[PDB]
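A.B. asks:
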Amino acid sequence: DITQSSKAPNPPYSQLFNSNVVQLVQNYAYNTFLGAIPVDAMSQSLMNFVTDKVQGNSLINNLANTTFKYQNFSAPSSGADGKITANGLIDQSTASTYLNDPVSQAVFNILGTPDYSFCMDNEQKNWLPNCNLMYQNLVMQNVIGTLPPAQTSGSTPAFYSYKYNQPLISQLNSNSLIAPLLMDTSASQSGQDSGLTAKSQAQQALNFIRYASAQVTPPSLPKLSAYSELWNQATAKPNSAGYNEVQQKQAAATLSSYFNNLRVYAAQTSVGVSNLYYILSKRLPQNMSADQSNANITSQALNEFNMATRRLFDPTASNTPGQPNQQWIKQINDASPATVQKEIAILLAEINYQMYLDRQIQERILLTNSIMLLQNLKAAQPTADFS
Amino acid sequence: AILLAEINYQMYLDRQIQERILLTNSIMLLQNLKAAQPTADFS
Amino acid sequence: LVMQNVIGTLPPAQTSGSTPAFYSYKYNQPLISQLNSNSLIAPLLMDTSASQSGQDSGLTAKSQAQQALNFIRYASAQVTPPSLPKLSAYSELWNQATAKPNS
Amino acid sequence: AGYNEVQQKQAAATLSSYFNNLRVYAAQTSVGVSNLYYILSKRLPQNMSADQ
Amino acid sequence: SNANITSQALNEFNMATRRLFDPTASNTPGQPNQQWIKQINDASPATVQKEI
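Chains as they are written, first to last, in PDB author numbering: chain A, 53 to 148, 168 to 458; chain B, 416 to 458; chain C, 209 to 311; chain D, 312 to 363; chain E, 364 to 415.
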């Protein structure tokens with residue numbers, strides 16, 4: 053309506069509504085995307101996203117494994133703070168401290184959880200009085216805790232009673248992993264102190280991942296007697312010290328067979344375990360501000376949701392006319408064509424980034440399906456003999 | 416502009432469904448591998 | 209032969225002095241990075257510079273790209289090749305099959 | 312009280328084995344059950360107005 | 364002698380997140396090649412249309 057300047061926008065507006073907040077959101081989104089994605093954590097040079105030739109290499113590489121670095125996953129927390137940490141009950145130690172990546176922790180659990188026979192004598196009859204290394208039965212009992220009784224009693228509940236399963240139901244529930252957008256690592260509760268138990272929401276999700284990935288039942292490594300016999304058979308120099316060659320080679324083949332099957336199983340399981348930990352770590356808190364007394368805590372999923380829905384509805388935004396920072400739709404309703412055009416440009420950039428994330432998930436799906444199909448085909452190997 | 420915001424939100428929903436797909440596939444692959452634990456029997 | 213070359217020298221049963229046990233962290237320290245799935249899909253540009261040297265016992269990786277490639281080799285069951293027919297049985301069957309009949 | 316440690320540890324291992332298998336099965340099944348209930352709850356009625 | 368090493372995934376990431384944040388972009392006002400959002404904040408309608 054071009055008749056008077058009174059109803060014209062005074063002062064005119066040509067810029068975006070607020071470039072500061074949106075730019076902050078984009079920067080946090082970049083930081084979350086580079087931090088949340090799990091990174092193989094064994095050496096500084098192994099976690100690098102890019103080499104030294106990429107411009108901005110230091111910033112990109114520094115954001116590797118941020119979620120667990122902030123969570124102090126390597127440090128064996130006692131659970132009083134309820135942080136995401138390697139629990140000593142089910143994670144193998146590094147001395148006959169813990170590994171910096173949960174997926175490499177799972178791989179190490181699969182590879183080096185020794186059999187219970189290593190805590191028993193040579194003939195497998197008695198138990199040694201002192202045995203400080205965790206065997207499969209030991210870690211598995213540590214998961215279970217004190218064995219619940221059969222019939223319910225006043226002192227202790229039955230294995231099927233609701234009182235006994237009060238924390239277990241939450242621990243094994245799948246929604247503990249995918250429902251929340253930002254895990255709460257504060258220990259606001261304390262479950263029953265009988266073996267493996269979670270102390271907070273994030274610990275509940277981590278325990279659910281532990282249960283669903285079958286990390287509470289490690290594979291059975293070879294017995295002490297049998298492995299010792301096979302190794303002495305297969306390592307001694309042939310035709311010397313009372314040994315031969317054909318039998319030694321057969322023993323070596325058998326031992327390498329077990330080891331290669333174990334390694335293949337470890338890698339194939341690690342694919343899914345890293346998948347689960349990618350799902351979880353999308354929702355773990357991450358530090359952004361250089362200030363360590365008043366930081367900025369947000370996660371990939373929380374920031375991602377805020378990015379998706381900072382224009383449909385925003386609880387922070389004012390809901391009464393006359394106040395600033397109204398809803399995005401209301402601001403659009405009274406905005407200049409240049410401003411809404413720039414908003415459209417920003418929205419298209421958002422769409423592009425979201426499509427990139429969706430394709431990353433699709434790539435994850437492809438890896439999962441290919442690994443499982445290859446496992447099926449390995450189980451379906453052709454037979455050579457003709458009978 | 417509002418249509419583009421809608422498109423962004425729908426893509427977010429599609430992403431969430433894809434993540435659910437990924438969780439399902441990963442859990443089922445873990446079950447398949449747990450059914451195929453490498454045995455230590457040497458005899 | 210290939211499968212031994214993968215396994216290198218067979219680790220001992222229970223010791224962590226001169227040589228590490230098959231379940232000790234010292235023995236597994238280079239293996240876990242190879243077997244970890246994140247060694248393939250986490251980085252965006254592999255490093256092809258030998259910044260480390262694993263234990264010289266069979267198949268080992270010298271850099272991040274080697275770690276990812278070895279992970280693919282392990283997860284694709286290329287370290288346990290299929291069993292081809294025995295020499296004697298295959299020779300007998302081929303002799304029985306390629307010979308012109310009635311002669 | 313008429314017990315040893317080898318048999319006790321073996322029995323404890325067996326009981327913990329059953330319990331761990333049951334917990335793993337429950338946790339793995341909960342993924343699919345929660346997915347089904349997500350599909351259902353996508354279509355379930357929810358009130359919106361602050362008043363009732 | 365003028366090699367420029369890049370990968371499909373790295374370039375894909377750079378394409379996806381060049382306009383969100385850029386570590387090579389100046390973060391101080393008054394400097395060239397600054398962040399994409401700030402450049403949009405001052406661009407002409409034709410320029411933002413071409414960027415769209």
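Note that CB positions come from ideal geometry on N, CA and C, so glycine has one too.
Just curious, the alpha helix (DSSP H) that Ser226 (chain C) is in, first and last residue?
C.D. replies: Careful: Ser226 (chain C) lies outside any alpha helix (DSSP H) and carries neither H nor E.
A.B. asks: According to a CB-to-CB cut-off of less than 8 Å, which residues of the region 318-329 of chain A neighbour chain C?
C.D. replies: Here the close residues are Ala323, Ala324, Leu326, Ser327, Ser328.
A.B. asks: So the candidates are A:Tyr122, A:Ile112, A:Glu194, A:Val102; which of them puts its Cα closest to the Cα of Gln272 (chain C)?
C.D. replies: Looking at the Cα atoms, A:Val102 is the closest of the given residues.
A.B. asks: Inspect the beta-carbon positions of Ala229 (chain C) and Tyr298 (chain A) and report whether they are closer than 8 Å.
C.D. replies: Contact: no.
A.B. asks: Enumerate in chain order the residues of its own chain whose CB-to-CB distance from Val210 (chain A) is below 6 Å, with the five nearest sequence positions on each side excluded.
C.D. replies: If we look at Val210 (chain A) and ignore the five residues flanking it on each side, its Cβ neighbours are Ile142.
A.B. asks: Run the CB neighbour count on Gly183 (chain A), radius 10 Å, all protein chains shown included, and call it buried at 16 or more, exposed below.
C.D. replies: Its Cβ being crowded by 16 or more others within 10 Å, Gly183 (chain A) is buried.
A.B. asks: Listed from N- to C-terminal order along the chain, which residues in the region 258-285 of chain C have their beta-carbon within a distance smaller than 9 Å of any beta-carbon of chain E?
C.D. replies: Listed by position along the chain: nothing, the set is empty.
A.B. asks: Does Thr119 (chain A) pass the burial test, meaning 16 or more other C-beta atoms within 10 Å, or should it be called exposed?
C.D. replies: Burial call: buried.
A.B. asks: How many angstroms separate the CA atom of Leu351 (chain D) from the CA atom of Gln425 (chain A)?
C.D. replies: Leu351 (chain D) and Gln425 (chain A): Cα-Cα distance of roughly 26 Å.
A.B. asks: If I measure Cβ to Cβ from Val178 (chain A) and keep anything under 7 Å in the same chain, skipping five residues before and after, which residues do I get?
C.D. replies: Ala337, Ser341, listed in sequence order.
A.B. asks: Could you confirm whether any beta carbon from chain A is found closer than 8 Å to the beta carbon of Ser296 (chain C)?
C.D. replies: For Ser296 (chain C), the answer is no, since every Cβ of chain A falls outside 8 Å of its Cβ.
A.B. asks: Is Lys270 (chain A) near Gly134 (chain A), with beta carbons less than 8 Å apart?
C.D. replies: Cβ atoms of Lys270 (chain A) and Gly134 (chain A): closer than 8 Å.
A.B. asks: Do the CB positions of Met378 (chain A) and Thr369 (chain A) come within less than 8 Å of each other?
C.D. replies: No.
A.B. asks: So, helix, strand or coil for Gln260 (chain A), using DSSP?
C.D. replies: Here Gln260 (chain A) sits in coil by DSSP.
A.B. asks: Tell me whether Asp172 (chain A) is buried or exposed, calling it buried when 16 or more other Cβ atoms sit within 10 Å of its Cβ.
C.D. replies: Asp172 (chain A) should be labelled buried.
A.B. asks: Relative to chain C, which residues along the region 367-385 of chain E have a C-beta separation below 7 Å, given in chain order?
C.D. replies: The region 367-385 of chain E vs chain C, Cβ under 7 Å: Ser370, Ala372, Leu373, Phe376.
A.B. asks: Can you tell me where the alpha helix (DSSP H) with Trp399 (chain A) in it begins and where it stops?
C.D. replies: Run containing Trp399 (chain A): 399-404, per the alpha helix (DSSP H) assignment.
A.B. asks: Any idea if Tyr80 (chain A) is buried or exposed, counting beta-carbon neighbours within 10 angstroms, 16 or more meaning buried?
C.D. replies: The residue is buried, with at least 16 neighbouring Cβ atoms inside 10 Å.
A.B. asks: Compare the beta carbon distance of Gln237 (chain C) and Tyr282 (chain C) with 8 Å and say whether it is the shorter of the two.
C.D. replies: Cβ distance not < 8 Å, so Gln237 (chain C) and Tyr282 (chain C) don't count as in contact.
A.B. asks: Tell me the DSSP bridge mates of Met191 (chain A)?
C.D. replies: Answer by DSSP bridge pairing, in chain order: A:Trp198.
A.B. asks: Output needed for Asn213 (chain A): all residues of its chain with C-beta closer than 8 Å, excluding positions within five of it in sequence on either side, in chain order.
C.D. replies: Excluding residues within five positions, the ones whose Cβ falls inside 8 Å are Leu141, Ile142, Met205, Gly266, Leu267.
A.B. asks: Looking only at its own chain, which residues have a Cβ that is under 6 Å from the Cβ of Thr288 (chain A), when we skip the five neighbours before and after it?
C.D. replies: Excluding residues within five positions, none has a Cβ falling inside 6 Å.
A.B. asks: Need the endpoints of the alpha helix (DSSP H) that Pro238 (chain A) sits in, please.
C.D. replies: Where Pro238 (chain A) is concerned, the enclosing alpha helix (DSSP H) stretches over 237-243.
A.B. asks: So if DSSP puts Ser389 (chain E) in a beta bridge, which residue, or which two residues, is it bridged to?
C.D. replies: E:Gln397, per the DSSP bridge assignment.
A.B. asks: So, helix, strand or coil for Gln357 (chain A), using DSSP?
C.D. replies: Strand, per DSSP.
A.B. asks: By how many angstroms is the C-alpha of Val344 (chain D) removed from the C-alpha of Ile240 (chain C)?
C.D. replies: About 34 Å.
A.B. asks: Do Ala450 (chain B) and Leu292 (chain A) count as a contact pair if the criterion is CB distance below 8 Å?
C.D. replies: The answer is no: Cβ separation not under 8 Å.
A.B. asks: Using DSSP with H/G/I as helix, E/B as strand and the rest coil, what is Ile142 (chain A)?
C.D. replies: Note: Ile142 (chain A) maps to coil in three-state DSSP.
A.B. asks: Which residues of the region 187-199 of chain A have a Cβ closer than 8 Å to any Cβ of chain B? Give them in chain order.
C.D. replies: Within the region 187-199 of chain A, no residue qualifies.
A.B. asks: Looking at chain A, is there any beta carbon in it that lies within less than 8 Å of the beta carbon of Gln304 (chain C)?
C.D. replies: Not an interface residue.
A.B. asks: Residues of chain A with a CB under 8 Å from the CB of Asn331 (chain D): which are they?
C.D. replies: In chain order: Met211, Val214, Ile215, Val287, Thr288.
A.B. asks: So with CB distances below 8 Å, who are the chain C contacts of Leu239 (chain A)?
C.D. replies: Here the premise fails: no neighbours, minimum Cβ distance about 29 Å.
A.B. asks: Give a yes or no on whether the C-beta atoms belonging to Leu373 (chain A) and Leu277 (chain A) are separated by under 8 Å.
C.D. replies: No, the Cβ-Cβ distance between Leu373 (chain A) and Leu277 (chain A) is not below 8 Å.
A.B. asks: Beta-carbon within less than 6 Å of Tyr348 (chain A)'s beta-carbon, same chain only, minus the 5 sequence neighbours each way: which residues are those?
C.D. replies: Around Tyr348 (chain A): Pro90, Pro173, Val174.
A.B. asks: What are the residues of the region 382-406 of chain E that lie near chain A, defined by any Cβ-Cβ distance shorter than 7 Å?
C.D. replies: So the close ones are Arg382, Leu383, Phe384, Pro386, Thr387, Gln398, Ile400, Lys401, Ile403, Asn404.
A.B. asks: If we cut at 8 Å on Cβ distances, does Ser71 (chain A) have a partner in chain E?
C.D. replies: So yes, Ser71 (chain A) belongs to the interface.
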